[PDB]
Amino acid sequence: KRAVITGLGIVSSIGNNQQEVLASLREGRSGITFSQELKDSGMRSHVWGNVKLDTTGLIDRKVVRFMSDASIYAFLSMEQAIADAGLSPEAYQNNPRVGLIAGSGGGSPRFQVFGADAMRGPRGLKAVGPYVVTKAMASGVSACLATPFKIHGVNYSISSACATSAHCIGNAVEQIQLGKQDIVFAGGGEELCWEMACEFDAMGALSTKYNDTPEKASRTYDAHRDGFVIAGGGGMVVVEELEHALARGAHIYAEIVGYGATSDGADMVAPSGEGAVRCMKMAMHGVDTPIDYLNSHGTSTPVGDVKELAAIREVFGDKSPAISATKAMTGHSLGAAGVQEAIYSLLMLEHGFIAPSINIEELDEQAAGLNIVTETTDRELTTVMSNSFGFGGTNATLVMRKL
């Protein structure tokens, strides 16, 4: 029935491990840089939320030859989670009660585009090769991790655009609740490339006025925000059944006491708000303790930002929780955003502090009577909430509490 997080792993724009990520968060350090690749592709947005790591010989050649970047990022995060959970092969491999639910928002537009380019070349099929399917397939993140880690339980991905890894964790929780699994590795990954980024720029979703000052581009709630800053990376958490965890002396960050998954059924590319309201309310249902901190989806987009503020306010009313949008620091890793931000929230719960909402030179008047924390402040948190939304009116909310 009860699901808890007993391990985490992360490869992000602000850190290649939970320790480095902790640093950046408490420091309020930006992971955004100028991208030549993006500028070079023809894009208007030239700022990145890139992973600063040379992944070259980190994954075995036979295993890595099937993967794309989203898979690599999630695979490395999974290793970190396996290690950090205290799990050994004999404990998680070839075991029907151990599963994997992880995905990405866009799969691999790079290798999808590589296979097409290679195919139209004079060598066609031979230029494409036998590994494009596993690299480009939408289920790449799950397929590429489940096989090498010899997972025997559930094995699939959930895709809900900018909310995918959040739904992945919520689904893992349901597997434990249904008594189907004891452990489920949940999370996701996302590649960073002009191939996919250009699509978002094409719809005017990305920031384009701060290319000269990359670290100031992502400015959630700032009156002059102009779109989100795309990013790549991965994250993975170990969702485990309470008794099982306690039984093996597992270290427990918190327990997932709430999971909301709703739908807007209104517009694509634009949030309705009511959808998020029901989602958050659903995640708080039964939680007998108040929400101390709220890690908003806050993408730094004109409409989105205030639309979520309007929702939060209607759900909490007078008594609103402390809020901070860590995207102003990290950027929007799309499909990886959900798990990565759940991890930042878990780190804040574990280290008693609230990461700051940076770059707010001018608070939006639409973000009036709320509590946007712009200073790294030490606080004994107990219950935290994380929101994730994506195109198509898909919403997810996770509420985590200490034991």
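We call the rigid core whatever largest set of C-alpha positions still superposes within 1.5 Å between the two forms. One-based numbering along the sequence shown.
K.L.:
Please work out whether 343-351 or 366-374 has the higher root mean square C-alpha deviation in 9 other deposited structures of this protein relative to the shown form, with the rigid core as fitting region?
P.N.:
The more displaced stretch in 9 other deposited structures of this protein turns out to be 366-374.
K.L.:
Can you tell me whether 30-38 has a higher mean C-alpha B factor than 372-380 in this record, or the other way round?
P.N.:
If you average the C-alpha B-factors of 30-38 and of 372-380, the larger mean comes out for 372-380.
K.L.:
Taking the recorded C-alpha temperature factors, which stretch has the higher mean, 272-280 or 165-173?
P.N.:
According to the PDB entry, the answer is 272-280.
K.L.:
Could you say which of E79, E199, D267, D117 has its CA atom at the highest B factor, as listed in the PDB entry?
P.N.:
Comparing C-alpha B-factors across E79, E199, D267, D117, the top value belongs to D267.
K.L.:
Please work out which residue in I101, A311, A74, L242 has the highest C-alpha B-factor recorded for this crystal structure.
P.N.:
In this record, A311 carries the highest C-alpha B-factor of the candidates.
K.L.:
Among all modelled residues of this chain, ranked by Cα B factor, put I354 in the bottom, middle or top third, i.e. lowest, middle or highest.
P.N.:
Answer is middle: the recorded C-alpha B-factor places it there.
K.L.:
Ordered by C-alpha B-factor within the chain, which third holds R44? Give me lowest, middle or highest, please.
P.N.:
Its C-alpha B-factor belongs to the lowest third of this chain's values.
K.L.:
Using the B-factors in the PDB entry, rank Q366's C-alpha atom against the chain and give the third, lowest, middle or highest.
P.N.:
It belongs to the highest third of the chain when residues are ordered by C-alpha B-factor.
K.L.:
Please say which third, lowest, middle or highest, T213 falls into when its CA temperature factor is compared across its chain.
P.N.:
Top third by C-alpha B-factor.
K.L.:
Can you tell me whether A70 has a C-alpha B-factor in the lowest, middle or highest third compared with the other modelled residues of the same chain?
P.N.:
Tercile = lowest for this residue's CA B-factor.
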